[PDB]
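A.B. asks: below is the structure, and that's it, no one-letter string:
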């Protein structure tokens, strides 16, 4: 029964097994990782939220997300984060 | 004809005349009184927003505005801030 | 009759505790200090273990980095021994105290 | 002929400026330094004067404060003379640099 | 019909409760806003406004001035322990800084 | 067998995100692009930390990542440190560092 | 007063992790004062969350949520 | 447009006498020589960071003109909240 409390910890495991298939992860370590996803999700989301509000827009799009990502990550991380973010929506729009 | 720009200034004046009848205020200072109201709205509103969302609620009430006020204001300021809010809720409620 | 000179143990202790991650404050005391402090806000409160452990993780962090900035304030004043005036400055610049 | 001992005007200048609020950097140069820096990010940019005024207000204020912490870091090392190492400390502690 | 009485007037406030209510609903704070919230808030905002204007106004008289100005605010705020805590990362345009010259920088 | 996420080439759950975006008092309306992009950024960052800590854990001869490894990964990395500046990692410890002035000879 | 329970040597170990080599004996009291203020300022906020949820048990999140208001953000207790 | 839009090296327009005054406001008495060129750097770095974000908000709204408010937002992002230019 219990609560049914969501996390990201399967998605962390997937990505882990991609970059380090034969390595795994202690539960604190995982909880650290989970905290970190939620942190930056909230960080970006807020900025995006604000970007819109500032520009009288109702709708947070992939645009706001990019502006916000530029503003929140340092340049080199930011270059790549945009790269992947761009790449994924491209690959999702050419999908179905 | 220029489209309208809302401002707390007239309410700043009404309170000013309540407090120091024979004192007025420079444009630039009113600009600082606006930035100030606006700042502290965004804080109190935010903390309440967070408070509800932390407690799985859809409704910010006067109860969130209060818990937020206790968190954001320091000591003797927040006391007065509550009592003054308390009064003002209780007045509205009884004057329907 | 073998006697490490002053500062050559301290140095080993530095190397040791930097390497390690375990909490440096004894757990029962810390936890008493928590309930003590909490008392003065609300009586007969209960603490999830992990709330207390979350809290200790953060005190210990808070402190260790303050000691980092204290040490610099020592050295910037041509010293090796950290002093109350070195913490005081570290907090005054940080913007904690006034 | 009349000459004021070294510092007697420093103190006077301090008193002079603290009492005032007027922006201390010469406005046009500042304006040029803005656009010059904004070019690194985007060319053919126009600026609302009020923007450049916000950007100046913000810079002096920042710096005025950095000097306060620098002035403490000098005094903390038994000096009266702010040096670059005083600034760098203040900023490290403030967590501007690492 | 009943003749319009503002929510501000029913709550004994000067700050618009109505406006506030709308700004809350609009600003992506929550799905639903109690009728309480904007009163209580509008109050706290009226309170904090009144505290600063009481003090700034004093600092205007102190400089023999009929009008409060950025500096008068900065003085009022920075010399008030709590306000100063509350505005400890806020830069007041054209407000300058408190007279303060360190002890050891004074002469002999 | 396509999943919104798998159309976007992501482990990170595009569906989940797009809900958390509507439900989180961010904006009225949420673009269908946003939660792909956002998810995609989170995956990249999550992946960068894991590769770095993976190596920290191998380097110190471990099959399992621990807080320390993540701390090392982040603190020893000019940019990640900057991103996670005001962020305490529980059980992470600090980077071995003794100020030169204190050493002997 | 459990504040004394925070032993001189627990303050020493902490300082050692911070790169410190020699400690003024005055510091162990100075440190304590600071650690108390830090806790106060954290726990005050934490237990305002406690009381707002109409609880009599302070949770991790209460703490974590407090540490965040204080810009003392904490990973790995439910963030 | 393209005509007469290229800047010089304007960081030197931050004159020694002007830096001195800022330090005066900051309650400073005696000032090492080395200070003034350090300050210039610090200032540079400040403006770079504040401006970049300010401009990012400009670019996002698709303006060619930086605003009051862009600066203000950017300063707030950087924890350097500014009162009395809107917001």
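C.D. replies: Looks like it arrived, so ask away. Numbering: from 1, shown residues only, chains lettered A, B, ... in the order given.
A.B. asks: just checking, what's the longest helix in chain G?
C.D. replies: helix G:27-52 (DSSP state H).
A.B. asks: cool, chain A as well?
C.D. replies: helix A:27-54.
A.B. asks: is that helix up against chain H anywhere?
C.D. replies: Yes: using C-beta under 8 Å from any C-beta of the partner chain, helix A:27-54 comes into contact with chain H via A:47, A:50-51, A:54. Just so you know, the C-beta spots here come from the backbone N, C-alpha and C atoms, and that holds for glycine as well.
A.B. asks: so can I have a markdown table of the residues you listed showing distance to chain G and neighbour count?
C.D. replies: Listed next are the residues of helix A:27-54 next to chain H as a markdown table, based on distance: C-beta to the nearest C-beta, whole Å; neighbours: other C-beta atoms under 10 Å in any protein chain shown:
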| residue | distance to chain G | neighbour count |
| --- | --- | --- |
| A:47 | 16 | 19 |
| A:50 | 18 | 23 |
| A:51 | 22 | 25 |
| A:54 | 23 | 16 |
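A.B. asks: next, the buried residues of stretch C:12-23.
C.D. replies: C:13-14, C:17-18, C:21, C:23 (16 or more other C-beta atoms under 10 Å in any protein chain shown).
A.B. asks: adding secondary structure and distance to residue G:67, write these out as TSV.
C.D. replies: Formatted as TSV, the buried residues of stretch C:12-23 follow (DSSP: H, G, I helix; E, B strand; the rest coil; distance: C-beta to C-beta, whole Å):
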residue	secondary structure	distance to residue G:67
C:13	helix	28
C:14	helix	27
C:17	helix	23
C:18	helix	23
C:21	coil	19
C:23	coil	16
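A.B. asks: burial count for residue A:23?
C.D. replies: Each residue near residue A:23 was counted by other C-beta atoms under 10 Å in any protein chain shown, and the total is 20.
A.B. asks: make that residue A:61, sorry
C.D. replies: Neighbour count for residue A:61, taken as other C-beta under 10 Å: 21.
A.B. asks: need the contact list for the closest residue to it other than its chain neighbours.
C.D. replies: Of all residues not flanking residue A:61 in the chain, residue F:31 sits nearest, at 3.2 Å (C-beta to C-beta, 6 or more residues apart in numbering or on different chains). Residues counted as contacts of residue F:31 (C-beta atoms under 8 Å, 6 or more residues apart in numbering or on different chains) are A:59-64.
A.B. asks: most widely separated two among the residues you listed?
C.D. replies: The distance between the two most remote of the contacts of residue F:31 (C-beta to C-beta) is 10.6 Å, for A:59 and A:62.
A.B. asks: more crowded one of the two?
C.D. replies: residue A:62 (22 against 13).
A.B. asks: surely that one and residue F:30 touch.
C.D. replies: No: between residue A:62 and residue F:30 there is no contact under C-beta atoms under 8 Å: 10.1 Å.
A.B. asks: what parts of chain G come near chain B?
C.D. replies: Residues of chain G lying near chain B (C-beta under 8 Å from any C-beta): G:45, G:48-49, G:51-53, G:61, G:65, G:69.
A.B. asks: and which of the residues you listed is nearest to residue F:2?
C.D. replies: When these are compared for distance to residue F:2 (C-beta to C-beta), residue G:61 wins out at 36.4 Å.
A.B. asks: show me the contacts for the closest one.
C.D. replies: B:54, G:49, G:77-78.
A.B. asks: the spatially most central residue of chain C: helix or strand, and which one exactly?
C.D. replies: Closest to where the C-alpha atoms of chain C average out (C-alpha atoms, centre = their mean) is residue C:63, at 3.3 Å. Under the criterion of DSSP states H and E, residue C:63 resides in helix C:49-76.
A.B. asks: can you name the element that comes right after that helix?
C.D. replies: strand C:81-82.
A.B. asks: C-terminal to that following strand, what's the next element?
C.D. replies: helix C:84-94.
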